[PDB]
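The structure appears right after this line, and notes come after that.
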């Protein structure tokens, strides 16, 4: 979840 793969859609964590 954590910026996966790299905060593309600015994922949570």
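Using N, Cα and C of the backbone, Cβ positions are placed for all residues, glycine too.
Taking a C-beta cut-off of under 8 Å and a sequence gap of six or more, residue 7 (disulfide bond) has no contacts in its own chain. Mapped onto three states, the DSSP output places residue 7 (disulfide bond) in coil. Swiss-Prot lists 2-7 (among others) with the feature disulfide bond.
Neighbour list (residue 3 (disulfide bond), Cβ cut-off 8 Å, at least 6 residues apart, same chain): 10, 11, 13. The disulfide bond annotation in Swiss-Prot covers 3-13 (among others).
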